[PDB]
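Asker: So that we are looking at the same thing, I have put the structure below in structure tokens.
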Amino acid sequence: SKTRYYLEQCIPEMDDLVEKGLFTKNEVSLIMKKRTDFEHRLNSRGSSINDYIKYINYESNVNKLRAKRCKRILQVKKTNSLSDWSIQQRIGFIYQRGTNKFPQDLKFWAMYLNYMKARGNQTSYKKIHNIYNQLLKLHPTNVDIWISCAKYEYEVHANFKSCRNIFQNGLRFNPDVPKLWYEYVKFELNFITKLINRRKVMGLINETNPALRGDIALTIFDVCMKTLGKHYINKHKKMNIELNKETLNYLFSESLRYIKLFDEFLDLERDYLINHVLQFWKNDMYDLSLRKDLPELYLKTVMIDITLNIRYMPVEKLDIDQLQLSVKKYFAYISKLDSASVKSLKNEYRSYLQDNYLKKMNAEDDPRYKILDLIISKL
Amino acid sequence: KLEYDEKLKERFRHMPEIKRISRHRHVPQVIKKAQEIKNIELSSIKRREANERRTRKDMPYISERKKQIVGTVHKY
Amino acid sequence: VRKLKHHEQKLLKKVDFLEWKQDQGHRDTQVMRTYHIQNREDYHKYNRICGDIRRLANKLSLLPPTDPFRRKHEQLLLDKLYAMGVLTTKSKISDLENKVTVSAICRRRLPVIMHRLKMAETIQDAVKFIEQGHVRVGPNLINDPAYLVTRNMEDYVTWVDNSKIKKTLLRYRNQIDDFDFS
RNA sequence: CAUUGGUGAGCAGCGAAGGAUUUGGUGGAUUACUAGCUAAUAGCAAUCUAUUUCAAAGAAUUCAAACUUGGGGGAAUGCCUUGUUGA
RNA sequence: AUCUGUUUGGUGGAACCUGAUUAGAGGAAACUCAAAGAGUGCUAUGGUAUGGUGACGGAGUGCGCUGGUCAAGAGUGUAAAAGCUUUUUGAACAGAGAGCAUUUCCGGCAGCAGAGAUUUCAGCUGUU
RNA sequence: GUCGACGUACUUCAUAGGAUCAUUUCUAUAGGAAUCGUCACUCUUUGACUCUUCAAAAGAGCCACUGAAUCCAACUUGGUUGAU
């Protein structure tokens, strides 16, 4: 039977261990009794994934004991024999059998992947790719596995082509998940930032382009808005107008969180990216006017633009002319908006300018801070 | 189970009653009678060839795999 | 043994743990169940006696038919077996081979006689009544169930006196006389 | 009227800090009393086995050996017997 | 009604006959013991078991393999063509992990430095 | 006249075609259908046990000690402001 075959496959390792001074024959017999129990539990009916986990833990501690015994007796870090890789091969085989039998246990899949990544020198990139291929075919609608695949390929191999292909296939399978779009934008921004800093490194060693601009991330942004809106409508499909307004509000939050990612990206042209996203939101969506449909969100976007005109610049090195231009834009927006909207926008702008400059610098310390306090009192 | 049975049959095919059971087939009566007629005729040819080999001091022994061939165009 | 599958039965046609050819159909067990025979060897002792009868009958048959010796001995055997009660009739010579059975002898045992005499409802009841000391054949109490009753001896197979069975039947008919001890 | 029918309710009488049925277990007896163990003229009983082995004695059917079978007919092949063939 | 006696339903069940059965026929109790039958449920999965006995693995390279495109050749057709076929070759490109080879390097040590979760990890500089 | 011959009347004797089973594989036919080391559940049949009815009958017997059950008596508690 299968248990007998697997035990007879375990035999040559114990031949090697007895041949070296590492283990006594009785100790080998006790180890094989435990392995007999575990192999019977795996190959019988009524098994669980916990039996696989316990067997892997047992083999791991056997390997640790073997390492200590090889350090102590022979005074060598490792022998050149079968026994130093055979337990590792067995643990990989137990993981493979467990994933084949219960493919739905994502924790066991993660344990398999972590183990195969951890034994880096002995494993193969081909093996990690095969485990990813099996797992991605079995669970194509799990976004985290696609993200982990792309992350492994980006940090370990720095394979930007494979990372792009992984993200594109994953978004083909999961077009409704905002998280995968976000990670794709983050990867592309990381790639172009690394290209920019690599060009800068070259320019300092020795002696434009839409790729360096960020138009790839902008196109991913636009396709994200269309696809996420369409799939959100398909999931939740006068009342249609209310649903469209709710969809626009839902997309607005993801857009603002993309804005926060752009603000996190300091090296990139934040002003360019914010200009593009506010251009998109200035363009009408869902057959309704944005400002008329969501005046609170329109006022929020106007205040966001007015603040981010100078928010990229530090408060210590703030430009009085830029602050005056922002205040003039705020006054124009207040004139355009309703009186309650103008009052709310003025209060928000005053609070933002206060938290920017008034807490940072004193009116006695800076002569321009007195003018800022006067402008805040006027607002 | 089937592979083990085949290997065991191959191992012990040489035994008397295993051979007896294994070679048994039901054969039509015409084919069986013609087989025994051909057996008798072959035995008669064998005794005639034995008499010829007794008469002739040196007769060539021709192979069963040679008997059917009258000739070849290109000689070897 | 579980039920054999089709391919197993072909290779195991002769296999049987419960019926063997030497058992002869469990004829002995059948006869002991019919007549409540307790001893195991009673059928085979009876069968040996039947075999002696049949061997003697075969030899008398191989004698010539118009032989005074043959005719006298066949009539002697027929009369003796009829007097014992093994043979119901004396008409035919061929009954000395056809109608001599173990069951014919077992029908002359005391419980079968009592059950035919309506003394007991079953042969097993008759067996128990014999072992419990209720039955006498003449003045003599018989507690052996294997005791064989002759045609003449049938007329004295009776309940013992002072028997609770005898008192019960007399009390049922309202004819119990306590001076007679019942 | 009878009830040698059932189920009950009550007297006389009997009558000592109760009475009446039923049932499990254990002990003694059920033949007529001379003690336990063993390798037994003795030793042991807390065993010994660190003397427990040597020597002596000891081999007929010249393997005789189913007194052991239900009855009637048989016996391909077994088995038994006898004869024969070749070693 | 010291009227009448048919019906319907209970109770009872002799004689004859008929059928079946026979250590007489049952009944009750169970997380009891035993012999079998039938039907279900359950990844129930080696068509030749795993990535490895330093007889090895990892990295790299060479060869091979795959796909479409382009060019050339050949066949067919034509008044020239176009078109079509190709078990013909070349080049560039995109690959797969899926074969083969290695007389390249790494699975010793010392030191530096970084990162990860005090240890670990690969890497660098030397040496063997 | 349990006699013959003849006449008459009566009684009884057919047979086939096909399939299956029977050889510890094969009943003679390729026109057919069966080769796997058990895990569990459900249902069903049967037999043991223990008790018992029809429904009895017989007690390996006697003493002693030691438990248990049941029915009365007595005592206790509840009960006509309601036991059964």
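Chain labels follow the order of the structure tokens: the first chain is A, the next B, and so on; residue numbering restarts at 1 in every chain, and ligands are counted from 1 in their shown order.
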Sort by chain and increasing residue number a table of all residues of chain C within 9 Å of chain D, each with its closest pair of atoms and their distance in Å to one decimal, counting only C-alpha atoms (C1' of nucleotides), and write it as JSON lines.

Answerer:
```
{"residue": "C:44", "atom": "CA", "partner": "D:70", "partner_atom": "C1'", "distance": 7.0}
{"residue": "C:45", "atom": "CA", "partner": "D:70", "partner_atom": "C1'", "distance": 8.4}
{"residue": "C:46", "atom": "CA", "partner": "D:70", "partner_atom": "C1'", "distance": 8.6}
{"residue": "C:47", "atom": "CA", "partner": "D:70", "partner_atom": "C1'", "distance": 5.2}
{"residue": "C:48", "atom": "CA", "partner": "D:70", "partner_atom": "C1'", "distance": 4.7}
{"residue": "C:49", "atom": "CA", "partner": "D:70", "partner_atom": "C1'", "distance": 8.0}
{"residue": "C:50", "atom": "CA", "partner": "D:70", "partner_atom": "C1'", "distance": 7.6}
{"residue": "C:51", "atom": "CA", "partner": "D:71", "partner_atom": "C1'", "distance": 4.8}
{"residue": "C:52", "atom": "CA", "partner": "D:71", "partner_atom": "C1'", "distance": 7.7}
{"residue": "C:53", "atom": "CA", "partner": "D:71", "partner_atom": "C1'", "distance": 8.6}
{"residue": "C:54", "atom": "CA", "partner": "D:71", "partner_atom": "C1'", "distance": 5.8}
{"residue": "C:55", "atom": "CA", "partner": "D:71", "partner_atom": "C1'", "distance": 6.1}
{"residue": "C:58", "atom": "CA", "partner": "D:72", "partner_atom": "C1'", "distance": 7.7}
{"residue": "C:97", "atom": "CA", "partner": "D:71", "partner_atom": "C1'", "distance": 8.8}
```

Asker: Using only C-alpha atoms (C1' of nucleotides), determine which residues lie at most 10 Å from residue 250 in chain A, disregarding the query and same-chain residues fewer than 4 positions distant; provide the list as a PyMOL selection string.

Answerer: chain A and resi 228-229+232+244-246+254-255

Asker: For the selection just defined, write its residues with N, CA, C and O atoms to a file, as a PDB file, in the first residue's frame.

Answerer:
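Output file part35.pdb is given in full below:
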```pdb
ATOM      1  N   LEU A 228     -14.759  50.247 -12.477  1.00  0.00           N
ATOM      2  CA  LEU A 228     -15.306  50.158 -11.129  1.00  0.00           C
ATOM      3  C   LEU A 228     -16.720  50.711 -11.066  1.00  0.00           C
ATOM      4  O   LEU A 228     -17.580  50.135 -10.391  1.00  0.00           O
ATOM      5  N   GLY A 229     -16.990  51.814 -11.775  1.00  0.00           N
ATOM      6  CA  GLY A 229     -18.348  52.330 -11.809  1.00  0.00           C
ATOM      7  C   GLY A 229     -19.319  51.365 -12.458  1.00  0.00           C
ATOM      8  O   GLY A 229     -20.413  51.119 -11.934  1.00  0.00           O
ATOM      9  N   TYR A 232     -19.828  48.319 -10.129  1.00  0.00           N
ATOM     10  CA  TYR A 232     -20.600  48.689  -8.948  1.00  0.00           C
ATOM     11  C   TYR A 232     -22.078  48.823  -9.297  1.00  0.00           C
ATOM     12  O   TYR A 232     -22.954  48.368  -8.544  1.00  0.00           O
ATOM     13  N   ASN A 244     -27.050  56.130  -9.218  1.00  0.00           N
ATOM     14  CA  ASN A 244     -25.923  56.733  -9.924  1.00  0.00           C
ATOM     15  C   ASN A 244     -25.190  57.742  -9.045  1.00  0.00           C
ATOM     16  O   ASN A 244     -23.957  57.827  -9.082  1.00  0.00           O
ATOM     17  N   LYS A 245     -25.934  58.514  -8.250  1.00  0.00           N
ATOM     18  CA  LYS A 245     -25.304  59.441  -7.312  1.00  0.00           C
ATOM     19  C   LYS A 245     -24.506  58.693  -6.251  1.00  0.00           C
ATOM     20  O   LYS A 245     -23.401  59.112  -5.882  1.00  0.00           O
ATOM     21  N   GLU A 246     -25.050  57.580  -5.755  1.00  0.00           N
ATOM     22  CA  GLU A 246     -24.327  56.758  -4.791  1.00  0.00           C
ATOM     23  C   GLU A 246     -23.069  56.162  -5.408  1.00  0.00           C
ATOM     24  O   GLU A 246     -22.029  56.070  -4.747  1.00  0.00           O
ATOM     25  N   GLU A 254     -12.591  56.420  -3.564  1.00  0.00           N
ATOM     26  CA  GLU A 254     -11.422  55.761  -4.136  1.00  0.00           C
ATOM     27  C   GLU A 254     -10.514  56.767  -4.826  1.00  0.00           C
ATOM     28  O   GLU A 254      -9.284  56.646  -4.774  1.00  0.00           O
ATOM     29  N   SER A 255     -11.107  57.780  -5.464  1.00  0.00           N
ATOM     30  CA  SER A 255     -10.308  58.837  -6.074  1.00  0.00           C
ATOM     31  C   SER A 255      -9.534  59.631  -5.026  1.00  0.00           C
ATOM     32  O   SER A 255      -8.353  59.933  -5.220  1.00  0.00           O
TER      33      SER A 255
END
```

Asker: Hey, what's within 8 Å of range 79-95 of chain C if we count only C-alpha atoms (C1' of nucleotides) and toss same-chain stuff fewer than 6 positions away? As a list in words, please?

Answerer: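 Using only C-alpha atoms (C1' of nucleotides), the neighbours found are residues 104, 105, 107, 108, 149, 150, 151 and 152 of chain C.
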
Asker: Write to file, as a tab-separated table (two decimals), in the first residue's frame, the residues of the selection just made, with N, CA, C and O atoms.

Answerer:
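Here's the written file selection.tsv:
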```tsv
chain	number	residue	atom	x	y	z
C	104	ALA	N	-39.06	-46.31	12.44
C	104	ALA	CA	-39.98	-47.37	12.82
C	104	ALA	C	-39.68	-47.90	14.21
C	104	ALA	O	-40.60	-48.22	14.98
C	105	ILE	N	-38.40	-48.04	14.55
C	105	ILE	CA	-38.02	-48.43	15.91
C	105	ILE	C	-38.27	-47.29	16.89
C	105	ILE	O	-38.69	-47.52	18.03
C	107	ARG	N	-40.52	-45.09	16.85
C	107	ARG	CA	-41.94	-44.97	17.16
C	107	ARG	C	-42.39	-45.94	18.24
C	107	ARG	O	-43.52	-45.83	18.72
C	108	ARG	N	-41.54	-46.89	18.62
C	108	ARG	CA	-41.84	-47.81	19.70
C	108	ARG	C	-41.23	-47.38	21.02
C	108	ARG	O	-41.42	-48.08	22.02
C	149	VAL	N	-41.35	-50.22	23.76
C	149	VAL	CA	-42.62	-50.83	24.14
C	149	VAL	C	-43.05	-51.81	23.06
C	149	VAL	O	-43.10	-51.47	21.87
C	150	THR	N	-43.35	-53.04	23.48
C	150	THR	CA	-43.86	-54.09	22.63
C	150	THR	C	-45.37	-53.91	22.46
C	150	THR	O	-46.01	-53.19	23.24
C	151	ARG	N	-45.93	-54.52	21.41
C	151	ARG	CA	-47.37	-54.47	21.17
C	151	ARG	C	-48.15	-55.02	22.35
C	151	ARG	O	-49.19	-54.47	22.73
C	152	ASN	N	-47.67	-56.11	22.93
C	152	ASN	CA	-48.29	-56.64	24.14
C	152	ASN	C	-48.10	-55.70	25.32
C	152	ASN	O	-49.00	-55.54	26.15
```

Asker: Residues of chain A were defined as contacting chain E if any atom lay at most 8 Å from it, counting only C-alpha atoms (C1' of nucleotides); please report them as a count of residues only.

Answerer: 16

Asker: Given a cut-off of 10 Å, which residues of chain B touch chain F, counting only C-alpha atoms (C1' of nucleotides), written out as an mmCIF file with C-alpha atoms, in the first residue's frame?

Answerer:
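Produced file result15.cif, reproduced below:
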```cif
data_model
loop_
_atom_site.group_PDB
_atom_site.id
_atom_site.type_symbol
_atom_site.label_atom_id
_atom_site.label_comp_id
_atom_site.auth_asym_id
_atom_site.auth_seq_id
_atom_site.Cartn_x
_atom_site.Cartn_y
_atom_site.Cartn_z
ATOM 1 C CA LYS B 1 -3.845 -7.519 -9.084
ATOM 2 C CA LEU B 2 -4.082 -8.029 -12.842
ATOM 3 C CA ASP B 5 -1.631 -12.382 -12.119
ATOM 4 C CA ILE B 21 -5.763 -25.375 -18.864
ATOM 5 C CA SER B 22 -4.033 -22.521 -20.692
ATOM 6 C CA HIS B 24 -7.457 -25.360 -24.073
ATOM 7 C CA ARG B 25 -9.806 -23.890 -26.679
ATOM 8 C CA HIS B 26 -13.051 -25.103 -28.191
ATOM 9 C CA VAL B 27 -12.268 -25.653 -31.873
ATOM 10 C CA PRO B 28 -14.726 -26.533 -34.681
#
```
